[PDB]
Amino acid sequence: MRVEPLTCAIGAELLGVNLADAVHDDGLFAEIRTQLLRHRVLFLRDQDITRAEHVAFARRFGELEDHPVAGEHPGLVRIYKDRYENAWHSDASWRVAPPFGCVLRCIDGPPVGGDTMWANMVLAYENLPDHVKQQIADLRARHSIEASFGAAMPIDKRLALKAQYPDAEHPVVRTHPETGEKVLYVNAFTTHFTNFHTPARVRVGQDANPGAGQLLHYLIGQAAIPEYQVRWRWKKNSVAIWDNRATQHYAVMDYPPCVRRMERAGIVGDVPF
């Protein structure tokens, strides 16, 4: 198969590949998996496939997230159209075990608008300055659904949501479980560091607050650096496969009210360390 990188940092298009064939061809699937680990996000055009095949392909990466939600083919979630996805985020990092990744297919949509972007948070970590790496090495931070999705709810619904999903603490520097690469693991869901206030970092109060929040802002803003980014334009039956552990994504909301239909299959991830 042909692998065509979109940028030097992240993303590649797979050509001459029918995702349906990877369900039963173990060699083809192995290569796709190898490419996903190297390029963080893989793109394909003209994937005329069935929902069972979409589900069965994603299942090759691991068990699928099967919370009922708002989407006939278990594992598949329909997304028919919200200003929450237009933010640099790693999917559901507010969970104890955020997902491994996702296989996303565009069913129908407008001819222009609605691009999706990804950022390489392995590169974002690797290029940090030495004194930032030393400073953040043992930091941990909390990721909150309360303060993002719950923020606009009636206070009782917000607090119930929080009880259902307590703010998850994760290492700020995450070790990718399959490659060993270090990942800068704070994003739009991250509210604050939990273990910043130490004698090594804090002489006086203003070192802790706003100091801790200023460092967090610097870290989450690394995803906004174009050097780490790729931007993908959707067409009918286009597919994105991405490694949610190593990336953040941003669904661009440049379009007026319109009908866009996507279908995704999320893959279960493990505890970040």
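Note that residue numbering begins at 1 and tracks the sequence as displayed.
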Exercise. Hey, how big is the hole between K157 and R158 in terms of deposited residues without coordinates: none, 1 to 3, 4 to 9, or 10 or more?
Worked result: none
For this session: Using what the record says, work out whether there is a hole in the model between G71 and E72 and how many deposited residues it spans (none, 1 to 3, 4 to 9, 10 or more).
Result: 1 to 3
Exercise. When the C-alpha temperature factors are averaged for each of 89 to 97 and 107 to 115, which stretch ends up with the higher value in the entry?
Worked result: 107 to 115
Seminar exercise, completed: Higher avg CA temperature factor (168 to 176 vs 148 to 156, as deposited) belongs to 148 to 156
Problem set entry | Highest-ranked of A9, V252, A20, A12 once sorted by CA temperature factor in the record | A20
Exercise. Highest Cα B-factor in the deposition, which of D26, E227, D207, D243?
Worked result: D26
Seminar exercise, completed: Assert third(CA B-factor, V55) within chain per record equals highest
Seminar exercise, completed: Quick tally, chain-level thirds of C-alpha B-factors: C102 sits in the middle
For this session: Tell me, lowest, middle or highest third: where does the Cα B factor of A137 rank within its chain?
Result: middle
For this session: Place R233 in the lowest, middle or highest third of its chain's C-alpha B-factors, as listed in the PDB entry.
Result: lowest
Seminar exercise, completed: Quick tally, chain-level thirds of C-alpha B-factors: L37 sits in the middle
